[PDB]
Amino acid sequence: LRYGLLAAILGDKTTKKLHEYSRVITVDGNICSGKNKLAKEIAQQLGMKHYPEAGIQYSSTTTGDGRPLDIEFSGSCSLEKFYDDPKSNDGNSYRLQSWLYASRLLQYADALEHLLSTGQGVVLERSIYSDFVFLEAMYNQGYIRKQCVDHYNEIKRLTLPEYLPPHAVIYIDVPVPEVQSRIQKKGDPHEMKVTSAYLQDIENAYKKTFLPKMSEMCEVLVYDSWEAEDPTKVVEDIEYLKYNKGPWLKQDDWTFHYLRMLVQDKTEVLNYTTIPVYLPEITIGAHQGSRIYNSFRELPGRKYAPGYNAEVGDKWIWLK
Amino acid sequence: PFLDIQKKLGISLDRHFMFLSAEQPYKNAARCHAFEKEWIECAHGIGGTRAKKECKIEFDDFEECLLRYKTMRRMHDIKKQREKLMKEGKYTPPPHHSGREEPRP
Amino acid sequence: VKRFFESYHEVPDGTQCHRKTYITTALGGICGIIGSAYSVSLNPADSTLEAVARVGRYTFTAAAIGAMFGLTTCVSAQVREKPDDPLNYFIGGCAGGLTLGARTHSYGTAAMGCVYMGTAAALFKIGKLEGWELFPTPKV
Amino acid sequence: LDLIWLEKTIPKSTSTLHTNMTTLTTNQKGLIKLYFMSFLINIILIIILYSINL
Amino acid sequence: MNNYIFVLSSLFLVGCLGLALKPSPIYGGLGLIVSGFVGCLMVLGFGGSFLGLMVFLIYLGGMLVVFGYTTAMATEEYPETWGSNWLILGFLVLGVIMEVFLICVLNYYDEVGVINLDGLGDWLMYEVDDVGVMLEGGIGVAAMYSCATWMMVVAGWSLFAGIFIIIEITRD
Amino acid sequence: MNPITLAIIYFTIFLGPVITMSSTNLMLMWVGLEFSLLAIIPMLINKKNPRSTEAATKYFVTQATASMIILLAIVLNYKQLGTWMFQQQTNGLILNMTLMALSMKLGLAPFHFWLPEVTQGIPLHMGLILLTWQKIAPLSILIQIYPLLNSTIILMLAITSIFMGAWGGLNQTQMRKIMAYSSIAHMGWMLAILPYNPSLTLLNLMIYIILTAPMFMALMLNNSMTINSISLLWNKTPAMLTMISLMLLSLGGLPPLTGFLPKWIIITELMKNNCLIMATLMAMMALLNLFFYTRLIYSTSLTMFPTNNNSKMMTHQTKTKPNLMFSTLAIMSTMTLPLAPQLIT
Amino acid sequence: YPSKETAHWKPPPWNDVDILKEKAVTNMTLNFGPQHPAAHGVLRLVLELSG
Amino acid sequence: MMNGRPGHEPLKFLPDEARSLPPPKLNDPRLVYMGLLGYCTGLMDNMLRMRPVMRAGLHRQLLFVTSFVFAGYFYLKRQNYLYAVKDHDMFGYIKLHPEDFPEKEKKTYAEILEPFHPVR
Amino acid sequence: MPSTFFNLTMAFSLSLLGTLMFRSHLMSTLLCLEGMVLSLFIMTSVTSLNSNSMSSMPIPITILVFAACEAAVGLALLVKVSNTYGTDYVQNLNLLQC
Ligand SMILES: CCCCCCCCCCCCCCCCCC(=O)OC[C@H](COP(=O)(O)OCCN)OC(=O)CCCCCCCCCCCCCCCCC
Ligand SMILES: Nc1nc2c(ncn2[C@H]2C[C@H](O)[C@@H](COP(=O)(O)OP(=O)(O)OP(=O)(O)O)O2)c(=O)[nH]1
Ligand SMILES: [Mg+2]
C-alpha cells in the first residue's frame, strides 16, 4: 500500500484532483430493462470508467489472473439454480444474495478507490444501495426466511454508512409485462423460469423504498424506456445536473484520505461481511472449508502473495 | 528519578527548587533555611537508610522548625498556667504585657 | 482492635472458650459487614429496606460462621487436652463450613466449606505455631 | 468412584466453585456510580487498615 | 480578629459541604464561587494578594463557562436545591453539627493538636521580614519566567495541546 | 484527523510518561500524568460512537480523581517536609494514599472495575496504547518510592488484583475485556514483586508489553473482537495460529516459554523474602489465567470452527497488514527463555 | 456463563456502535410578540429555535 | 538495587571499567541462539506475509540475523559487566565486614553424630 | 495555621467524598472535582506563604493551569454525553457492561 499519511502530507489531495465530471453515477432498473448499454454509453461519452454488474465471479475476475474460478471457490452459489428452484433446502437463494452483495461491495470499494485516486468518475450498474430490493423480493416471495433478512440487514448496517452515496442515481421504469417480454426474447431458459410476482416485488421494492431514500440524499433520474434506449438526452441531463445536497459537500481532504485508506485496504472492506453469525445458509464447516481453502491455495497463482509465485513468472523473488 | 536525562546532560530542569533551602529570588531565604541545610549536608553521601538513623538530630530540629509542634505546646502551657493564676488572683500582668509600656525603636 | 486480635492469642487454646468465641464472632461480624457493604454497593437492592435486610443476613451468616469455628475449636482443644494441634482448627473450620452450608441451604456448599475452611484454619494454626509471615517486611 | 464421586469431588467441584466465583465477581451492572461507591469503600478500608497497623 | 481565619476556613468547609451535597449545578457553581471568594480571602490573609486574586479571577471565568454549560445542557425542568429535598437539608445540618462536634473533640480531648481554642490566632504568620523589598508572592510567579522555564513551557504546552484536544473532541 | 492534531496528540502522549520518568520533581511527575491523560482522551473519543463516549467519560473521571489524590499526597508531603519528594520520613498515610491513587490509575483490583469497560468500546490500537504505554509512568512513580511503601497494603492489592483478573478473564468472551483482565493479573504480579525488587517489576513489565503487543496486532489483523471472530482465523490467516498459541501459552507462563520467566523469578524473590503463602496463591490464580488462555487457544487454533461463504472472497483478496515489528516481538516473547540470566539483572 | 442476574445481557455490536432510541429534539418555542417592540404590536410569531 | 553505588554514572550502556572485562568470544551459544532467533523471525515474517519461507527476502533474513547478533553481543557485554560489578561489590563488602562472615569450623564425620533412621 | 490546614484537609476530604459518591449529574461530579482543585490550591498557597518559598510559588499557578485543562476536557466529554443522550445523567452511560 503506497498511499498513506505520508503520501497525503507530500500531496495527493483528492479535492485538488477533482473536477466537474468526478461523479458516482449508478444505473438501476429491473432484471431486463435497458441498463447495460445505457451505463456503457454514458461512461463512453462522458469519459468515466464503466463498471458492469458485479456478478458471482467479480472477485475472481478482479483478483489473480482474472479467469472465472470454480464455483466452490467463488461462492458455491448459482443464479441458474436459483432460477430453477428458488425454495431449495440447501439455501442457495440467500447464499447467492449475500455473495452478490459482497461482490457489489467490493465493486463499490474499487470504484471509490479509482475515483479518489485518479479523479475519473465511475458509472456503476446497480450498486450496493439497490440490492435490498432483491432481498425483499426473495423474502416476499417466500424464497428465504426472516433470519436471512435480519442477517442481510445487519451486514448492510455494518458496511453501508462508511462509504459515500452515489452522486446520481438513474432509474429505468419498465413495466412487468415488458420485463416478461424482454426476458422471453433474451432466450435464457432459467431466466424464463421466473415469476411476475417476483418482478412485481422487485418493482415495488424500487418504488416504495429505493427511490425516496436516495431522493433525500442524491439526484434521482427516473426515466422511461423511450427516454432511455437513447443515451444522449440522459447525458445532457447529467451534464446540467446541480449537486447541492448529500454528504459529498461536507467532505474535505482528510475525510477523503481516510475513506481512500478504507477503500484501498480490501480486508476492512469485506471485514463485516464475514461476521460469525452462524446462519446455516452461509456457514460451511471445518472439513469443507479446509478442503476448499487447500484447493484454492493449490490453484495456480494463488499459493503465495501476488508477485511471489514462481510458477506464473514472478522474478527476483529472493530479493524481495 | 526513574530516568536520569537531567543528570546525564547536566541540565537542571526542576532540580534547583526541590526544597526550601534552594535558590530563592532576590536572596530572600525561606523559613528554616539553615535547619534544612544542616539536614541535607548531613544526609549526603551516606544513603537513605543511614540518614534516618544518624541524621535524626538534624531532622528532628528541622521538623519542629517547620511545624512548630513543640513551640505551640510550650507556648500553650504558659498561657494556660497564666490564665489559671488569674482566677486565683496570685498573679498580675506587668504593665508592658498589658499594653502600657515604654516603646523603643 | 489490634489489641483485640492480639488478646485472642494471649491465652493458649482450650482456655477462655467464651473469650475466643466472642473475639472470633466479632472478627467474623466485621468481615460480614465488609462483604455486605461491597455487595450492596456493587449490586444495589430494590429498596433501602431490602439493602439493610441483606446487610443483616450477611453479617449474621458470617458471625455464625466465626462463632461456630471458634467455639468448636476451643471445645475440641478442651476435650482432646492438646492446644497445639491443627486438627482442632480443622474441626473448627469444618464446623464453620457446615454453618455456611446451613445458612445457604445446600449440602454441597456445606461440604465445600468444610474442606476449604478446615484446610485454611489448619494452615493458620501451623503458621502461628511455626512463625509464618503473611506480609513480611522486605529484608533482602 | 471413578465416573461419579471422584469427579464430583475434585475436578467438577473445582470447576463449579470457580464458575460461581467468576459469576459473583463479574455480575456487575456497569454503573460508575456503583463503581465509585466501591472505590470509596476501598479507600475507607485502606485508611482503617493503616490506622490499625500504625 | 484573631479567629478571622478560622471563621473563613469554617465558611470554606461549609461551602465545600454544600458542593459535595450536590444541588442543581447552578447552586453548586454558586457555592463554589463563594468558596473561591473565601479562599481568596484566606490567601490574602496569609500573605500576598496575587495568588488569591488570580484564583478568584480564574474561577470567575471558569464558572462563567460552567454556568453557560449548565444552563445549556445540565438542566432539568425542576432543579434540585439544598432545601427542596428533606434528605439533602438533613445531611446539610448534620454536617454542620458534625463539624461543630469535631472541633469540640479536637479542642477538648486532643488538646494542642491541629485545633486549639486558646492558641487560635497566635500561629497565623510565623516569621516575616520586617525590613525588606520584593517580598510579595508575585515575585516568585514572575520568577517562573526566569527560574522555572521548564514549568513555563510545560504550562504553555498544556494549554496549546488542550486547545488541540478540545478541537478534536468537539469536532463531531 | 489531520496530521497537525495527530502529531500534537501523539507527541503529548509520548511526552507525558517521558516527563514523569525524567522528573526528579513529584509535581512534574504529576503534570506528566496530566499530559498523558489529557492527550489520550481524544484518541479514545475518536470513533465518535456512544460506547467510546462512555469509555472516555469513565476514563476521564477515574484518572482525574486519582490525579487529585496524587496531588493531595504531594501537597501534604510538601507541607510536612518542605520538599517535593517522599524522601525518607514522609507520613505513612501520605504514602498509602499515594499507593491508592497510583493503583487506581493503573487499573488493578479492587480499583479495576473501569478497565474492561474503558478498553471495551475503543478501537484495538487504542487498547494497545492504553494497556502498554499508560502503565509505565505510574509504575515509574511507584518504583521511585519502593522502600517507603507499605508491604502489607501492596501485597493485599496484588492478591486481589490477580484474583479478580483471573476470574474476569475466565468469565468474558470479548478480546479486549480478556486482555484487560490479563493486564490486571499482570499488574498484580508486578506490584507483588515491587517492594522487594523493582528490577523484577521492570522485567515483568517489559515481558508483559512484548507479550501483549503482538496479540493486539493479531487482533488488528481482522478486527476480531470475539472468540468466534478469532476462531475463524484459520480461514482468515492460517499462518498465524502457531504464533497465537505460543504467545497465549507464554502469557499463561509455561516453561519453556519466556513468559514463565517473570513469574518464576518473582516467586523466587518472594520466597527469598519469606511470603510462600502469597506466592502459592498468586501461582494458582496464574493457573486460572492459563485456563482461560487455554480455552482461547482451543477456540482459535487447535479446533477449526465453522466458517461462512464470504471468507472465500476474503481469501481472494490480499493484505499487507502485519508490520515488521510483529514477528520480532513474537519471537522475542516466545523463545527467549535460555537468555534468562541476560534478561534479569 | 449465563445466570439469573446476567441472562438479560446482549452481545456487544461488531462495530462498537449501539442503536439508541431517537430522542425528541427539544427545540424551544418562543412567543415573539404580540407585546413586543419588534412585532409591531399585533404579530404572534411563534419561533421554533435551536439555540 | 545497584543504581545507588558509589561512582555510578547515569545512563551509559558500557562504562570504561566494562572495557576491562574479557569480551564475548562472538562464537558462543548465546549469540548463536540470537542469530537463530533472528533467522526464525525472518522465516516467521515470510510465512506471515505469504512469501516463500526461505526463497524470498534473503536480504531481509540477513539483516534480521545480523541485527540480532549485534544487539545480543552488546547486551551480553553489558550483562557480563553487571554480573562482574555485582561480584566485585559482594567481595568488597565481604572483605570490609569480616566479623559478620566468620570462617566456620566444620567438624568431620567422626566428631559429628548424624542420627540413623533405619528403613525396614 | 494548623487549624486552617486541618479545615482545608477536611474540605478536600468532603469534596473527595462527594466526588466518590455520584448523584444524577456529571456536572455535579465535575464541580466536586473543581472544589478539590480549589482546596489543593489553597493548601499549596498557604504552605508557600508560611514557608516563604518563592521558588515554590509557581506551583499553584501550574495546578490552576493543568486542572483548568482537565475541566476543559471534562466539559468537552460532557457536551459529547449530552449530545448523545439528551442529558448528562450518569445512569445513561452504562451499556459497556456487556
Ligand atoms: C486424594 C488427593 C487429594 C488432594 C489433591 C486434590 C487435587 C488434585 C488435582 C486438581 C485437579 C483439578 C482439575 C481442574 C480441571 C478440570 C475441570 C474442568 O475441566 O472444568 C471445565 C470447565 C469449563 O468447561 P467449558 O468448556 O466452559 O464447558 C464444557 C463444555 N463446553 O471449567 C470451569 O468451569 C472452570 C475451571 C476453572 C479452572 C480449574 C483449574 C484451576 C484451578 C485453580 C485452583 C486454585 C486453588 C486456590 C484457590 C484460592 C484459595 C481457596
Ligand atoms: N437473485 C438475484 N439475481 C440477481 C441479483 N443481481 C442481479 N441478478 C441477476 C438478474 C439477471 O438474471 C442477471 C443479470 O442482470 P441484469 O439486470 O444485468 O440483466 P441483463 O444484463 O441481462 O440485462 P440489462 O442489464 O437489463 O440490459 O443477474 C441479485 O442480487 N439477486
Ligand atoms: Mg446488464
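Parameters and conventions
- Residues numbered from 1 in each chain as written, not as in the entry; some residues may be left out.
- Chains lettered and ligands numbered in written order.
- Part of a larger assembly, values for the part shown.
- Heavy atoms only, no water.
- UniProt positions renumbered as here; feature names shortened; annotations may be inferred.
- Helix = DSSP H or I, 4+ residues; strand = E, 2+ residues; numbered from the N terminus.
- Rg over C-alpha atoms; globule rule 2.2 N^0.38 Å.
- Buried < 20%, exposed > 50% of the residue type's maximum accessible area, 1.4 Å probe, protein only.
- Contact = heavy atoms within 4.5 Å.
- Areas by Shrake-Rupley, 256 points an atom, 1.4 Å probe, with all protein chains shown as cover.
- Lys, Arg positive; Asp, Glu negative; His and termini not counted.
- Charge placed at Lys NZ, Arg CZ, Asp CG, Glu CD.
- Salt bridge = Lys/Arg side-chain N within 4 Å of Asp/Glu carboxyl O.
- Axes fitted to C-alpha atoms, helices over the stretch in contact; angles between N-to-C directions.
- Left-handed = near helix turned anticlockwise from the far one by under 90°.
- Nonpolar A, V, L, I, M, F, W, Y, C, P; charged D, E, K, R; others polar.
- Expected span 1.5 Å × (residues − 1).
- Arc of directions from axis to C-beta.
- Pairing = 2+ DSSP bridges.
- Buried area = accessible area lost by both parts, 1.4 Å probe.
- Polar contact = N/O pair within 3.5 Å; in protein donor to acceptor, adjacent residues only side chain to side chain.

- Per the deposited record, determination of this structure is attributed to cryo-EM, with the resolution reported as 3.3 Å.

- If you look chain F up in the PDB entry, it shows as NADH-ubiquinone oxidoreductase chain 2 from Mus musculus.
- The UniProt entry for chain F carries the following text under Catalytic activity: "a ubiquinone + NADH + 5 H(+)(in) = a ubiquinol + NAD(+) + 4 H(+)(out)".
- Word for word, the UniProt comment on chain F under Subcellular location is "Mitochondrion inner membrane".

- In the annotation of the PDB entry, chain E is listed under the name NADH-ubiquinone oxidoreductase chain 6 and assigned to Mus musculus.
- As stated in UniProt under Catalytic activity, the record for chain E gives "a ubiquinone + NADH + 5 H(+)(in) = a ubiquinol + NAD(+) + 4 H(+)(out)".
- Chain E has a UniProt comment under Subcellular location that states "Mitochondrion inner membrane".

### What about the overall build of chain F?
Then, in step 1: Scanning chain F for helices and strands turns up 18 helices and zero strands.
Then, in step 2: Taking 2.2 N^0.38 as the reference for a compact globule, 345 residues should give roughly 20 Å; the C-alpha atoms of chain F span a radius of gyration of 20 Å, in line with that estimate.
Then, in step 3: When the backbone C-alpha atoms are referred to their principal axes, chain F occupies close to 70 × 50 × 35 Å.
Then, in step 4: Here chain F, with 345 residues, has 79% of them falling under the buried criterion.
Then, in step 5: Intrachain contacts of chain F at a sequence separation of at least 6 include 76% that bridge at least 24 residues.
Then, in step 6: Carbon together with sulfur atoms contributes 73% to the accessible area of chain F, which is approximately 7,700 Å² in total.
Then, in step 7: If you average the places of the 16 positive and of the 4 negative side-chain charges in chain F, the two averages end up 12 Å apart.

### Structural notes on the pattern of salt bridges
Once the charged atoms of two side chains with opposite charge are near each other, the side chains can pair.
Then, in step 1: Evaluation of the coordinates by the stated rule reveals 43 salt bridges over all chains.
Then, in step 2: Close ionic contact of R104 of chain A with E53 of chain A constitutes a salt bridge, the shortest N to O distance being 3.4 Å. Taken together, the residues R104 of chain A in helix α6 (residues 92-118) and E53 of chain A in the loop between β2 (49-51) and α4 (58-62) connect sequence positions 51 residues apart.
Then, in step 3: Across the salt bridge formed by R51 of chain F and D18 of chain G, the nearest N and O atoms sit 2.4 Å from each other. Taken together, the positions of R51 of chain F in helix α3 (residues 50-81) and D18 of chain G in the segment before β1 (28-32) put the pair across two chains. Comparing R51 of chain F with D18 of chain G shows no difference in burial state: the two are buried.
Then, in step 4: Look at the salt bridges and you will find they share partners, linking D28, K35, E53, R104, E125, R126 and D131 of chain A into a network.

### Notes on the packing of helix α1 (residues 29-48) of chain H against helix α2 (residues 58-96) of chain H
All names here are of chain H.
Then, in step 1: Where α1 meets α2, the closest approach of the two axes is 8 Å, and the angle between their N-to-C directions is 145 degrees. Once α1 is placed against α2, the crossing between them reads as right-handed. Between α1 and α2, the residues in contact are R30, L31, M34, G35, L37, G38, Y39, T41, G42, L43, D45 and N46 and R60, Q61, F64, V65, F68, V69, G72, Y73, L76 and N80, respectively.
Then, in step 2: Residue composition of the contact of α1 with α2, grouped by class: 11 nonpolar, eight polar and three charged.

### Here's the deal with helix α3 (residues 35-46) of chain A
All names here are of chain A.
Then, in step 1: Along its 12 residues, α3 runs 17 Å from first to last C-alpha, staying within 8% of the 16 Å computed at 1.5 Å per residue.
Then, in step 2: Along α3, the residues classified as buried are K35, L38, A39, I42, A43 and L46. Each buried residue of α3 sits inside an arc of 125 degrees when the element is viewed along its axis, so together they form one side.
Then, in step 3: With its phi angle positive at about 65 degrees, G47 sits one or two positions after the end of α3.

### Thoughts on the sheet that holds strand β3 (residues 122-125) of chain A
All names here are of chain A.
Then, in step 1: Within the open sheet, the five strands sit side by side as β2-β3-β1-β4-β5. Their pairing is parallel. With partners counted over all chains shown, the strands left at the sheet margins are β2 and β5 (219-224), one partner each. If you compare each strand with its neighbour and ignore which way they point, the axes differ by 20 degrees on average.
Then, in step 2: Bridge count between strand β1 (residues 24-28) and β3: four bridges; the pairing is parallel. Pairing of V24 across the sheet is with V122, part of β3.
Then, in step 3: Contacts from α6 reach β1, β2 and β3 within the one sheet, and its direction differs from that of β3 by about 170 degrees.
Then, in step 4: On the sheet, helix α11 (residues 196-215) packs against β1, β4 (168-173) and β5 and is oriented at approximately 155 degrees with respect to β4.

### A closer look at the interface of chain F and chain C
Then, in step 1: Tallying the contact residues gives 14 residues for chain F and 10 residues for chain C.
Then, in step 2: Taken together, the two surfaces of chain F and chain C that pack against each other cover about 1,000 Å², and 68% of this comes from carbon and sulfur.
Then, in step 3: On the chain F side of the interface with chain C, the three residues burying the most area are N273, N274 and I277 of chain F, jointly 37% of the side's total.
Then, in step 4: Across the contact surface, chain F and chain C share zero salt bridges.
Then, in step 5: Taken together, the links from chain F to chain C amount to three residue pairs in polar contact.
Then, in step 6: Elements with a minimum of two residues in the side of chain F that touches chain C: α8 (151-171), α14 (260-272) and α15 (276-302) of chain F.
Then, in step 7: With four residues, α8 of chain F is the largest single contributor of residues to the side of chain F that touches chain C.
Then, in step 8: Taken together, the residues of the side of chain F that touches chain C sort by class into eight nonpolar, four polar and two charged.

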